[PDB]
Amino acid sequence: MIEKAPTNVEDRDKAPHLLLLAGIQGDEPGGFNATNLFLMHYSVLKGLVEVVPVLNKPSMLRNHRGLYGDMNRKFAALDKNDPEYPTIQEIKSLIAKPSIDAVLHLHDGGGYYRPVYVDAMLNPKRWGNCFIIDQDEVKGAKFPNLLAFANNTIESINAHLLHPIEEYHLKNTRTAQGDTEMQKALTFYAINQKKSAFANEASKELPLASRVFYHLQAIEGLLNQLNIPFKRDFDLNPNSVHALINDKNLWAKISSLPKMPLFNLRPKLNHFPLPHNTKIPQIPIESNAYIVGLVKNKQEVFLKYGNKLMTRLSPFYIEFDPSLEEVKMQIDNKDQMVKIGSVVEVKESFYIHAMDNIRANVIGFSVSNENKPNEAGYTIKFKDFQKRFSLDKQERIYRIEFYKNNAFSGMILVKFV
Ligand SMILES: N[C@H](CCC[C@H](N)C(=O)O)C(=O)O
Ligand SMILES: [Ca+2]
Ligand SMILES: [Ca+2]
Ligand SMILES: [Zn+2]
Ligand SMILES: [Zn+2]
């Protein structure tokens, strides 16, 4: 759970609190890219929006609907030894918090919903591009009229259609009146705790940017109805959403290694150091996005951004010795101390000062075929690199790796600017 809050803590209780959730299925990237964009690019000025950007991360990492079954059928009867039992309890606790008023759950769904059977793509059994409630009213909720909230939100989405076929309609599933499947899903649990709960589905027939667009329209429409004031730092249109999803300023940081850009990495990174005795899902990972993770695939470790594969790591597992904190490097003529885990920009040249017991291997540079080299004490310029060893497709970014005995002391990247 990530809080989207006012900068002043006093303003939290001055408007309602919304819980926003996506990614209960790992192959519905519209939802979890929209929660990501929301987290990265919006501000909430009063009240609070609590966000779980992906409910089923393990499934997301394998581009899979659900590795342990349908997580959205686990809100009623559920076996205590179900692998997702603890996750479900966490989600139910968030939903049931007294401080929460409304819940919004994002999905991607096949085709386009219609109240009347039009054809196999457009009928009441399809889920695409609709806004969903379990009933018209929840007695005892701060905002009991779900139908009014739903219809006004739908108005707001329909003011921005990209094509008429994408028109949004209300789907009231009347869950208590015998809908067995919806009776086991998230939003029904929510209304039973007297929350106004809503679901948005964007059609899978749409490309990602358009799915996300529609999810963000639904979020904005509902926030407007709740009177949770907000801003965003961009114009909401498919192109602006596409640019923010595919944003070259996104980065990820694995363990104590340097920040690396997410987009335009070489597809495979060889001889890549990862801590030994650490399970892949436990390896610390940091990003300015919220849907990034690592996942083991055969012998490789994939870097994932939602359902996108950003690079394949071919790792070697090694002890990460934290003793080395900084290194004396000459950067464009100027000796300075560079902290392990930095990215340093280089206009012309660099040189690493020799160290007692620490050897440095600059990936892409070499003077011999020794497989465990020490390349401290060489003046290195762009011309000295074999470009194919770069981290990036643009051939500007290179790894410098430091070793002490059979331990890994850290990495610095150089970027030629
Ligand atoms: N396509 C979704 C609709 C569920 C909508 C709502 N009941 C929720 O829990 O968000 C499903 O079949 O799980
Ligand atoms: Ca209206
Ligand atoms: Ca995708
Ligand atoms: Zn080298
Ligand atoms: Zn080696």
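Positions of Cβ are backbone-derived with ideal geometry, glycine not excepted, and every protein chain shown enters the neighbour counts. Computed from the coordinates by the stated procedures, all read-outs in this text should not be read as laboratory data.
Miscellaneous remarks
- Tensor-based shape of the range 164-265 (alpha-carbon gyration tensor, a/c under 1.5 rounded, otherwise prolate or oblate): prolate
- Full-stretch length increase - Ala120, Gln89 - with 0.36 nm per residue and alpha-carbon distance subtracted: 7.4 nm
- Under 5 Å between amide hydrogens, built in the peptide plane, is the criterion, and for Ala289 it picks out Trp251 among residues at least 5 positions away or on other chains.
- Full extension of the chain segment joining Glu155 with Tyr378 gains 73.7 nm, where the gain is 0.36 nm per residue of separation less the Cα-Cα distance.
- Of all DSSP-defined beta bridges confined to the chain, some 60% are antiparallel rather than parallel.
- Dipole magnitude of the chain, debye to nearest 20 (Cβ charges: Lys/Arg +1, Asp/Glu -1, about Cα centre): 680 debye
- Fraction of beta bridges assigned by DSSP in the range 1-105 that are antiparallel (%, nearest 5): 25 percent
- Helical runs (DSSP H, four residues minimum) scored at -39500 (n - 2.57) apiece and divided by the length of the chain put the mean residue ellipticity at 222 nm at -5500 deg cm²/dmol.
- Shape of the chain, Cα gyration tensor, a/c cut at 1.5: prolate
- Out-of-range pairs (alpha-carbon distance over 18 Å; input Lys296/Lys393; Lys268/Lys298; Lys4/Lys259; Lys80/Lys195): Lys296/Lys393; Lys4/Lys259; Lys80/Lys195
- Prolate/oblate/rounded label for the range 1-249 (Cα gyration tensor, a/c 1.5): rounded
- Under 12 Å from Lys231, Cα to Cα: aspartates and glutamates that are on another chain or at least 8 residues apart: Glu220
- Cβ-Cβ FRET estimate between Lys393 and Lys328, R0 fixed at 25 Å, reported to 0.05: 0.20
- Cα centroid separation - the range 212-262 against the range 373-388, whole Å: 39 Å
- Over the chain, relative contact order from alpha-carbon pairs under 8 Å, at least 6 apart, %: 14 percent
- A protection proxy built from the mean count of other Cβ atoms within 10 Å ranks the segments 65-76, 7-18, most packed first, as 65-76, 7-18.
- Working note: Karplus 6.51/-1.76/1.60 with θ = phi - 60° gives the range 239-253 the couplings 5, 5, 5, 4, 5, 7, 5, 9, 8, 6, 7, 6, 9, 9, 9 Hz, where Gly and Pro are set to x.
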